[PDB]
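A.B. asks: Please read through the structure below; I'll follow up with questions.
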Number of protein chains: 2
Amino acid sequence: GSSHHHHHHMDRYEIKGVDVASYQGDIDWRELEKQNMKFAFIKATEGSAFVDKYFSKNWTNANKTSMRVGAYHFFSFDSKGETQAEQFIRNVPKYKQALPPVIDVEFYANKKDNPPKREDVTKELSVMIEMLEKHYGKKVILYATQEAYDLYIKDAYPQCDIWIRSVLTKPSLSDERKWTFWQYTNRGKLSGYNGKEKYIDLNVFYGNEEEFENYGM
Amino acid sequence: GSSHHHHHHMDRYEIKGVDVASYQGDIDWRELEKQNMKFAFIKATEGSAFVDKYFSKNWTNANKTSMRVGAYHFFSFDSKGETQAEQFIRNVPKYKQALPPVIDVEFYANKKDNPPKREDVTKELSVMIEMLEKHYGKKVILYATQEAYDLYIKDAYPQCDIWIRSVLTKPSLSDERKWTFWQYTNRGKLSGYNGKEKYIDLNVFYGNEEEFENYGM
Ligand SMILES: [Mg+2]
Ligand SMILES: [Mg+2]
């Protein structure tokens with residue numbers, strides 16, 4: 001069920017941003033910008049053939065603002081990394097000022113009833129990372145939940161930055177790695193004109209404004 | 001991030017229903033009824049003083065349908081069970097045909113950074129259960145997440161029925177207890193006229209239609 005309390009980010013992290021998919025509906029990007037949202041990661045693709053229905057619109061509209069904007073791919077355990085990379089690449093244009101690409105690795109559907117083997121994830125995810133890093137010229141970010149991190153990402157992928165979900169506690173990775181982004185709530189608290197409780201993910205960057213401005217550059 | 005895939009309930013469970021709070025917005029209860037939703041649990045109260053802003057409206061409108069309707073209390077770790085029970089009781093009318101009351105026990109805010117001691121939860125939750133069972137004349141349901149169940153509910157509360165959240169896997173309780181309700185998704189898949197992807201929790205009852213009709217009676 002739902003509490004009226006919210007989980008907040010730690011005060012030391014002042015660079016905040018959102019991540020969205022089509023399920024967040026019609027987004028007023030100028031209104032998010034007015035709430036000091038500094039970045040957005042927008043869902044583009046999933047698996048080897050799916051395209052989020054609002055990716056095109058969100059990409060165009062978010063990029064009209066001053067926000068730093070990137071795209072994410074929702075990883076599939078059931079198709080090859082090469083095909084998944086090709087799908088993200090067909091959909092997401094190269095743009096020097098964009099944020100680095102994100103691959104989102106987490107459980108979905110029934111996959112947690114019979115978790116994929118780590119070896120099989122390493123093979124396919126490593127191909128994706130190689131292809132995206134080469135194409136966009138930027139170090140790839142891996143988003144994960146705690147369970148997916150512990151089972152697939154921990155003690156691995158030193159060539160990537162980590163974006164960790166931690167919506168109930170302060171953020172920490174089980175191998176003591178440092179995180180680069182932290183997703184701190186699924187139901188971000190929002191002001192301004194249409195302002196209301198919304199199911200939209202909120203996040204912070206680890207560092208300061210200057211680090212932010214130079215991130216992935 | 002968000003997958004376009006959904007987690008579905010096992011085919012053997014045919015009695016489906018929803019749970020909602022104000023965050024689900026304006027609900028067309030007749031439209032849910034038209035999707036074979038057989039029950040609803042509606043958030044009424046939280047802690048010792050909070051009232052969900054749509055409880056009154058949802059209770060009235062859902063009860064106009066043929067659905068079986070109950071209310072839930074979102075438990076606070078920071079006030080007494082007696083005061084929390086008194087708050088649910090002031091807000092939720094007694095109704096013979098209603099579903100039993102639910103107490104929702106899960107982490108929120110920062111509470112998972114320093115989890116409450118089991119003893120302290122047993123004291124306060126037991127008072128709530130005693131007071132609600134006496135007042136409504138129905139066995140109380142405890143909703144919990146896996147983590148809250150394992151830390152507070154497991155090997156305890158034999159006087160209650162269990163409503164377990166399991167949105168990534170088939171349902172099972174770590175002490176091998178049988179569950180009575182199972183929350184299988186946070187983003188239920190919805191048809192009909194306003195039909196769209198919605199952030200609304202979907203659930204199944206363990207049993208058949210006749211058991212359902214007699215449940216809590
Ligand atoms: Mg690692
Ligand atoms: Mg138990």
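Quick note on naming: the chains in the structure tokens go A, B, ... in the order shown, residues restart at 1 in each chain, and ligands are numbered from 1 in order of appearance.
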Using only C-alpha atoms and all ligand atoms, which residues of the polymer chains come no farther than 8 Å from ligand 2? I'd like the answer as a VMD selection string.
C.D. replies: chain B and resid 149 153 to 158 162 175 177
A.B. asks: Give me the residues near residue 56 in chain B as a PyMOL selection string, where near means some atom within 10 Å (using only C-alpha atoms) and where sequence neighbours in that chain fewer than 4 positions away do not count.
C.D. replies: chain B and resi 42-44+51-52+60-61+91-92
A.B. asks: For each of A:159, A:114, A:3, A:65, take the minimum atom-to-atom distance to ligand 1, counting only C-alpha atoms and all ligand atoms, then give the residue where this is smallest.
C.D. replies: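 Closest to ligand 1, using only C-alpha atoms and all ligand atoms: A:159.
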A.B. asks: Pull out every residue of chain B sitting within 6 Å of chain A, counting only C-alpha atoms, and send them as an mmCIF file with N, CA and C atoms, in the first residue's frame.
C.D. replies:
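selection30.cif, freshly written:
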data_model
loop_
_atom_site.group_PDB
_atom_site.id
_atom_site.type_symbol
_atom_site.label_atom_id
_atom_site.label_comp_id
_atom_site.auth_asym_id
_atom_site.auth_seq_id
_atom_site.Cartn_x
_atom_site.Cartn_y
_atom_site.Cartn_z
ATOM 1 N N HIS B 5 6.571 -5.389 -20.128
ATOM 2 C CA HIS B 5 6.003 -6.654 -19.643
ATOM 3 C C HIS B 5 5.305 -6.449 -18.314
ATOM 4 N N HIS B 6 4.323 -7.294 -18.038
ATOM 5 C CA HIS B 6 3.632 -7.262 -16.761
ATOM 6 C C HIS B 6 3.827 -8.578 -16.032
ATOM 7 N N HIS B 7 3.768 -8.518 -14.708
ATOM 8 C CA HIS B 7 3.732 -9.728 -13.901
ATOM 9 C C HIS B 7 2.252 -10.089 -13.769
ATOM 10 N N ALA B 109 9.409 6.052 4.416
ATOM 11 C CA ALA B 109 10.325 7.107 4.831
ATOM 12 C C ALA B 109 11.747 6.571 4.986
ATOM 13 N N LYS B 112 13.700 1.961 7.206
ATOM 14 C CA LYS B 112 14.527 0.806 6.933
ATOM 15 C C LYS B 112 16.021 1.051 7.232
ATOM 16 N N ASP B 113 16.439 2.314 7.349
ATOM 17 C CA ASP B 113 17.829 2.605 7.760
ATOM 18 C C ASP B 113 18.097 2.148 9.189
ATOM 19 N N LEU B 168 7.320 -9.934 -8.329
ATOM 20 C CA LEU B 168 8.331 -10.457 -9.268
ATOM 21 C C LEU B 168 8.373 -11.973 -9.330
ATOM 22 N N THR B 169 7.718 -12.638 -8.390
ATOM 23 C CA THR B 169 7.789 -14.087 -8.324
ATOM 24 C C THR B 169 6.442 -14.647 -7.907
#
A.B. asks: As an exercise, work out the distance from CA of residue 131 in chain A to CA of residue 208 in chain A in Å and give it to one decimal place.
C.D. replies: 29.2 Å
A.B. asks: Which residue out of A:129, A:62, A:164, A:151 has the minimum interatomic distance to residue 203 in chain A when only C-alpha atoms are used?
C.D. replies: A:164
A.B. asks: Please measure the separation of CA of residue 37 in chain A and CA of residue 13 in chain A, giving the value in Å to one decimal.
C.D. replies: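 Taking CA of residue 37 in chain A as the start and CA of residue 13 in chain A as the end point, the length is 12.6 Å.
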A.B. asks: Just want the 10 Å neighbourhood of residue 80 in chain B, counted on only C-alpha atoms, with same-chain residues fewer than 4 positions away dropped. Output as a ChimeraX atom specification.
C.D. replies: /B:47-48,75-76,84-85,120-121,123-125,127-128
A.B. asks: Could you pull out all residues of chain A with a DSSP call of strand (DSSP E or B) and give them as a ChimeraX atom specification?
C.D. replies: /A:16-20,37-46,50-51,68-74,102-105,141-144,161-165,181-185,189,197,201-205
A.B. asks: Could you take the residues named above and write them with C-alpha atoms, as a JSON list (two decimals), in the first residue's frame?
C.D. replies:
[["chain", "number", "residue", "atom", "x", "y", "z"],
["A", 16, "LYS", "CA", 18.46, 16.04, -8.94],
["A", 17, "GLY", "CA", 16.75, 14.57, -12.00],
["A", 18, "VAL", "CA", 14.11, 12.26, -13.32],
["A", 19, "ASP", "CA", 13.74, 9.09, -15.32],
["A", 20, "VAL", "CA", 10.58, 8.40, -17.27],
["A", 37, "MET", "CA", 15.38, 19.06, -12.25],
["A", 38, "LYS", "CA", 18.83, 19.11, -13.86],
["A", 39, "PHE", "CA", 18.65, 15.91, -15.87],
["A", 40, "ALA", "CA", 16.38, 13.33, -17.40],
["A", 41, "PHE", "CA", 16.90, 9.75, -18.52],
["A", 42, "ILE", "CA", 14.16, 8.76, -20.94],
["A", 43, "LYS", "CA", 13.25, 5.17, -21.85],
["A", 44, "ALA", "CA", 13.95, 4.54, -25.55],
["A", 45, "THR", "CA", 14.01, 0.81, -26.16],
["A", 46, "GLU", "CA", 13.50, -2.59, -24.58],
["A", 50, "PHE", "CA", 10.46, -2.68, -28.59],
["A", 51, "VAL", "CA", 10.31, 1.15, -28.72],
["A", 68, "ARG", "CA", 20.97, 17.37, -19.50],
["A", 69, "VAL", "CA", 19.22, 14.52, -21.28],
["A", 70, "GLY", "CA", 20.04, 10.85, -21.85],
["A", 71, "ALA", "CA", 18.22, 7.68, -22.90],
["A", 72, "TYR", "CA", 17.96, 4.23, -21.39],
["A", 73, "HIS", "CA", 17.54, 0.72, -22.70],
["A", 74, "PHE", "CA", 15.56, -1.80, -20.68],
["A", 102, "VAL", "CA", 22.09, 3.72, -19.76],
["A", 103, "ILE", "CA", 21.37, 0.00, -19.70],
["A", 104, "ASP", "CA", 18.72, -0.88, -17.11],
["A", 105, "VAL", "CA", 19.21, -4.41, -15.67],
["A", 141, "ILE", "CA", 25.91, 3.66, -17.15],
["A", 142, "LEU", "CA", 24.33, 0.52, -15.69],
["A", 143, "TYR", "CA", 21.14, 0.98, -13.68],
["A", 144, "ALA", "CA", 20.24, -1.85, -11.37],
["A", 161, "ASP", "CA", 29.29, 3.83, -13.90],
["A", 162, "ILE", "CA", 26.56, 2.57, -11.55],
["A", 163, "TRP", "CA", 23.08, 3.98, -11.09],
["A", 164, "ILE", "CA", 21.56, 2.20, -8.05],
["A", 165, "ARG", "CA", 17.94, 2.02, -6.93],
["A", 181, "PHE", "CA", 23.48, 8.07, -9.64],
["A", 182, "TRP", "CA", 20.98, 7.07, -6.95],
["A", 183, "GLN", "CA", 17.25, 6.54, -7.59],
["A", 184, "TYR", "CA", 15.69, 7.51, -4.27],
["A", 185, "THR", "CA", 11.94, 7.38, -4.92],
["A", 189, "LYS", "CA", 7.11, 14.79, -4.65],
["A", 197, "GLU", "CA", 1.73, 13.39, -6.20],
["A", 201, "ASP", "CA", 11.19, 8.29, -10.45],
["A", 202, "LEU", "CA", 13.56, 10.79, -8.86],
["A", 203, "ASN", "CA", 17.26, 10.57, -8.72],
["A", 204, "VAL", "CA", 20.44, 12.33, -7.63],
["A", 205, "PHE", "CA", 23.91, 12.55, -9.16]]
A.B. asks: Have a look at CA of residue 29 in chain B and CA of residue 194 in chain A and let me know their distance in Å, one decimal.
C.D. replies: 24.3 Å
A.B. asks: A:193, A:132, A:33, A:67: which is nearest residue 83 in chain A, counting only C-alpha atoms?
C.D. replies: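 Once distances to residue 83 in chain A are computed over only C-alpha atoms, the minimum belongs to A:132.
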A.B. asks: Taking the DSSP secondary structure from the backbone, can you list the residues of range 30-136 of chain B that are alpha helix (DSSP H), as a ChimeraX atom specification?
C.D. replies: /B:30-33,55-63,81-91,118-136
